[PDB]
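Enquirer:
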Amino acid sequence: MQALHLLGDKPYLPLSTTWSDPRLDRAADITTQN
Amino acid sequence: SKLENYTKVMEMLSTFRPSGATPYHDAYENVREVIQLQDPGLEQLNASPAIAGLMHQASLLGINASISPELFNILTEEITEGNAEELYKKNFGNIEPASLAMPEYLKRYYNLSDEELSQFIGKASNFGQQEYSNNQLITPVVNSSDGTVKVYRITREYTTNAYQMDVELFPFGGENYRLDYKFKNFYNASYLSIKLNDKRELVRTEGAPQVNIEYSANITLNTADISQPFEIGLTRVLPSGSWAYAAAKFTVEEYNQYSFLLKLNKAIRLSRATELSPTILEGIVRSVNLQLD
Amino acid sequence: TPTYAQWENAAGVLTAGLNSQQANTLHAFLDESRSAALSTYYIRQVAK
Amino acid sequence: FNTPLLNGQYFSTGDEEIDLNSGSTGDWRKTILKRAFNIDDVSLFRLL
């Protein structure tokens, strides 16, 4: 319990989000920086 | 509590519906545990037809499912707009629905696990209304940069050539939507063009949309769009450049969480009482009603 | 519908028939359920 | 008799009168007697 309150509240992480299942072709060009 | 004796306290607790793991009917729990010790599954009860017939089936059987009588009153309740504003008073009391909207507060309130809450929040996209009613759709939306749940009212308003089609809009994320539409009349389009109003073309489809086909599109509508009572203008453009244009406005309103939280409460309490997976319950509820009710 | 006194009477009659081992398990389960219910009620209604 | 406590009621000697008739459906005191003696109502009346 001493280590438990030190760690504190376990973070909640919303399971699905803005990420939209993009194509590998388009993900490649978005990731290709100038 | 101003209660002196133990049984008055347990009577109070048996009906304290506003709290997150009451109502707790102690005599019912004792009876259920004693039965499941002495005759697990009621094999001897069902082997005696006379006793089984002195009971209703749904009464002996509802003692297997661990549904207490007040929990049965909770789950039976006819939740609808026009009573949700006071059934929230009955079922949650004083906790603001804005606080209870936060996933952390609600998970602490039901003492749920993180992965247990996560599947209910996925199910939340089903918890809304499943189809348009009175040209309105009222739905929860995640938009969860902070995890929070927001309920949107979408109000449809047919503006233009409503005899061409029915059109319906169904969000699934922040500025992320499904648009559904279904034609009434046939026009041999060279392509189907669909725009925000007649302005920003959100999708185009080549060829002729057919009658009695429900087409769909994963459109987007942005803040500067959905703050308006925006139109959605669809346009079957024929090879001649003629068109069966038709359109409807869609007002987007932010809305109270009452009817959402009451349905989530029913789902959580039912899943916890019957120790059944939320997927199983969702697969059962659709076999009665096309509305999740 | 059966009133709480009817339920408590049935609970007592049914409990009287159990043996020491089954009574011990029943009491442990009842204590766990009561603890959960009381903790939730205290948090909602009695905590400052 | 007293342990485990049945519905928060403490059993002690008193001047009240307790019925041992099996069909009488007696109060909690009869349930206490049945639990203490580990017998049903009919056998309780037979023992009486």
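So the protein sequences, as listed, match chains A, B, C and D. For the entry's author numbering, count along the first sequence from 1 and bump the result up by 1883. For the entry's author numbering, count along the second sequence from 1 and bump the result up by 176. For the entry's author numbering, count along the third sequence from 1 and bump the result up by 908. For the entry's author numbering, count along the fourth sequence from 1 and bump the result up by 518. Note that beta-carbon positions come from the ideal geometry of N, C-alpha and C, so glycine has one too.
1. In the DSSP output, which residue or residues are listed as bridge partners for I408/B?
2. Can you check whether the CB of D559/D is closer than 8 Å to the CB of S530/D?
3. Does the distance from the C-beta atom of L189/B to that of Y912/C stay below 8 Å?
4. Counting C-beta neighbours from all protein chains within 10 Å, is the total for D202/B 16 or more, i.e. buried, or is it exposed?
5. Which class does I314/B belong to by DSSP, given the choice of helix, strand or coil?
6. Given a cut-off of 8 Å on the beta-carbon distance, is the pair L263/B and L236/B in contact?
7. Decide yes or no for the touch test of the region 308 to 322 of chain B against the region 342 to 362 of chain B: beta carbon pairs closer than 8 Å, at least 3 of them.
8. Does the Cβ of residue 134/B have 16 or more other Cβ atoms within 10 Å, making it buried, or fewer, making it exposed?
9. Determine, using beta-carbon pairs with one atom in the region 319 to 332 of chain B and one in the region 358 to 371 of chain B, whether at least three such pairs fall under 8 Å.
10. Please classify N206/B as buried or exposed, where buried requires at least 16 other C-beta atoms within 10 Å of its C-beta.
11. For chain D, is any of its Cβ atoms less than 8 Å away from the one on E940/C?
12. Can you tell which of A223/B, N222/B, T411/B has its C-alpha closest to the C-alpha of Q340/B?
13. Go to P454/B, then tell me how far its alpha helix (DSSP H) extends in each direction, as first and last residue.
14. Leaving out five residues on either side along the sequence, give the residues of the same chain with a beta carbon under 7 Å from the beta carbon of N394/B.
15. Let me see if you follow: with CB-CB separation under 8 Å, is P347/B close to chain C or not?
16. For the region 277 to 289 of chain B, enumerate the residues whose C-beta is nearer than 8 Å to any C-beta of chain A, in chain order.
17. Roughly how many angstroms separate the alpha carbons of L313/B and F303/B, rounded to a whole number?
18. Helix, strand or coil: which one does DSSP assign to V185/B?
19. Using a C-beta to C-beta distance shorter than 9 Å, which residues of chain D count as neighbours of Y182/B?
20. Pull up the distance between the alpha-carbon of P1905/A and that of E377/B, whole angstroms please.
Expert: Taking the geometry as given:
1. According to DSSP, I408/B bridges with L372/B, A424/B.
2. Annotated as distal: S530/D and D559/D, with beta-carbon spacing of 8 Å or more.
3. For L189/B and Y912/C, no; Cβs fall outside 8 Å.
4. Looking at its Cβ environment, which holds 16 or more other Cβ atoms inside 10 Å, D202/B is buried.
5. In this structure, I314/B counts as strand in the three-state DSSP scheme.
6. No, they are not a contact pair.
7. A contact is defined here as three or more CB-CB pairs under 8 Å, and the region 308 to 322 of chain B meets this definition with respect to the region 342 to 362 of chain B.
8. Residue numbering for chain B in the displayed model covers 177 to 469; residue 134/B lies beyond these limits and cannot be assessed.
9. No, the region 319 to 332 of chain B does not touch the region 358 to 371 of chain B.
10. In this structure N206/B is buried. Its beta-carbon is surrounded by 16 or more other beta-carbon atoms within 10 angstroms.
11. For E940/C, the closest Cβ of chain D is not nearer than 8 Å.
12. Here the closest residue by C-alpha is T411/B.
13. Bounds of the alpha helix (DSSP H) holding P454/B are 454 to 461.
14. The residues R354, in chain order, have a CB closer than 7 Å to that of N394/B in the same chain once the five nearest residues on each side in sequence are set aside.
15. Cβ-Cβ to chain C under 8 Å: no for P347/B.
16. Within the region 277 to 289 of chain B, the qualifying residues are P279, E280, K283.
17. Their backbone Cα atoms lie some 12 Å apart in a straight line.
18. Residue state, collapsed to three classes: helix.
19. Neighbours of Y182/B on chain D, chain order: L523, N525, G526, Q527.
20. Computed Cα separation, rounded: 20 Å.
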